[PDB]
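Novice: Before anything else, here's the structure in question.
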Amino acid sequence: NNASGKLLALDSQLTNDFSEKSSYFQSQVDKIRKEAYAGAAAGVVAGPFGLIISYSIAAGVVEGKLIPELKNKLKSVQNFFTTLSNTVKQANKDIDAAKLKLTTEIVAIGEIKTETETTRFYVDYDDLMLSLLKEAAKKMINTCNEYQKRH
Amino acid sequence: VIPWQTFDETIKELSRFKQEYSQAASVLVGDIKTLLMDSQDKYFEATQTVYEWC
């Protein structure tokens with residue numbers, strides 16, 4: 001019961017922090033573009049040769065190498081998020097199946113314990129030829145044989 | 001002429017609020033999940049005991 005609540009607390013934090021990283025990415029791409037195209041405008045200390053040689057380097061390196069590399073890194077983070085969500089979703093199914101198995105076995109053992117207690121009370125009449133106790137013992141024989149056949 | 005530092009301070013201050021309340025709410029909802037599962041186990045055990053006595 002404790003791990004099944006830790007698992008929910010991890011899953012909700014995962015889905016919130018992924019959206020905050022996805023917004024951090026877009027706010028950071030614009031900062032890279034601001035810095036690059038603001039620094040490329042300082043190529044007026046030379047002529048327009050110095051201007052085209054700055055904007056060509058800026059728009060080549062930033063739009064051809066840096067922004068696609070950041071997009072590939074974000075796609076990697078997305079695939080990681082999907083894999084970890086499937087891991088948490090499988091752990092929930094494992095815990096639920098184990099708990100269902102245990103409660104089904106508790107009910108199946110209680111069906112034997114009820115007949116054992118009834119036969120133990122029928123012994124207290126101090127009559128071993130009483131038909132009620134004979135029938136309870138014949139019922140317990142079949143119950144125990146069915147339990148051994150199932151296990 | 002381009003106030004980028006105040007823009008970044010504003011974005012980070014709006015983004016810290018959300019991190020704080022996600023971290024606060026997730027722990028409490030997981031605790032309530034644990035409590036509800038414990039209550040269902042206690043309910044099962046009590047009604048199974050009374051069933052077996054009846």
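Letters A, B, ... go to the chains of the structure tokens in the order shown; residues in each chain start at 1; ligands are counted from 1 in the same order.
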Quick one: which chain A residues come within 12 Å of chain B, and what is the nearest atom pair for each with the distance in Å to one decimal, counting only C-alpha atoms, rows ordered by chain and ascending number, as CSV?
Specialist:
```
residue,atom,partner,partner_atom,distance
A:1,CA,B:34,CA,5.1
A:2,CA,B:34,CA,5.4
A:3,CA,B:34,CA,8.0
A:4,CA,B:34,CA,6.8
A:5,CA,B:30,CA,4.2
A:6,CA,B:30,CA,5.8
A:7,CA,B:30,CA,7.7
A:8,CA,B:30,CA,5.7
A:9,CA,B:26,CA,4.7
A:10,CA,B:26,CA,7.6
A:11,CA,B:26,CA,8.7
A:12,CA,B:26,CA,6.3
A:13,CA,B:22,CA,6.4
A:14,CA,B:22,CA,9.8
A:15,CA,B:22,CA,9.9
A:16,CA,B:22,CA,7.1
A:17,CA,B:19,CA,7.5
A:18,CA,B:19,CA,11.1
A:19,CA,B:18,CA,10.7
A:20,CA,B:15,CA,7.4
A:21,CA,B:15,CA,10.1
A:22,CA,B:15,CA,11.9
A:23,CA,B:15,CA,9.4
A:24,CA,B:15,CA,9.1
A:26,CA,B:11,CA,11.7
A:27,CA,B:11,CA,8.6
A:28,CA,B:8,CA,9.8
A:30,CA,B:4,CA,10.8
A:31,CA,B:4,CA,8.6
A:32,CA,B:4,CA,11.9
A:34,CA,B:4,CA,9.4
A:35,CA,B:4,CA,10.4
A:38,CA,B:2,CA,10.4
A:95,CA,B:37,CA,11.7
A:96,CA,B:37,CA,10.9
A:99,CA,B:41,CA,9.8
A:100,CA,B:41,CA,11.3
A:102,CA,B:41,CA,11.2
A:103,CA,B:44,CA,8.5
A:104,CA,B:44,CA,11.2
A:106,CA,B:48,CA,8.9
A:107,CA,B:48,CA,7.7
A:108,CA,B:48,CA,11.2
A:109,CA,B:52,CA,10.4
A:110,CA,B:52,CA,6.6
A:111,CA,B:52,CA,7.7
A:112,CA,B:52,CA,9.9
A:113,CA,B:52,CA,7.9
A:114,CA,B:52,CA,6.0
A:115,CA,B:52,CA,9.7
A:116,CA,B:52,CA,11.2
A:117,CA,B:53,CA,9.3
A:118,CA,B:53,CA,10.1
```
Novice: I'd like the interatomic distance between CA of residue 71 in chain A and CA of residue 25 in chain A, to a tenth of an Å.
Specialist: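 Calculated distance between CA of residue 71 in chain A and CA of residue 25 in chain A is 8.8 Å.
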Novice: To one decimal in Å, tell me the separation between CA of residue 37 in chain A and CA of residue 69 in chain A.
Specialist: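 If I compute the distance from CA of residue 37 in chain A to CA of residue 69 in chain A, I get 18.5 Å.
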Novice: Can you work out the spacing between CA of residue 127 in chain A and CA of residue 144 in chain A in Å, to one decimal?
Specialist: 23.7 Å
Novice: Given the choices A:124, A:63, A:151, A:119, which gets closest to residue 139 in chain A if the distance is worked out from only C-alpha atoms?
Specialist: A:119
Novice: Please extract the residues of chain A with a backbone DSSP assignment of alpha helix (DSSP H) and present them as a PyMOL selection string.
Specialist: chain A and resi 3-39+48-61+67-123+131-150
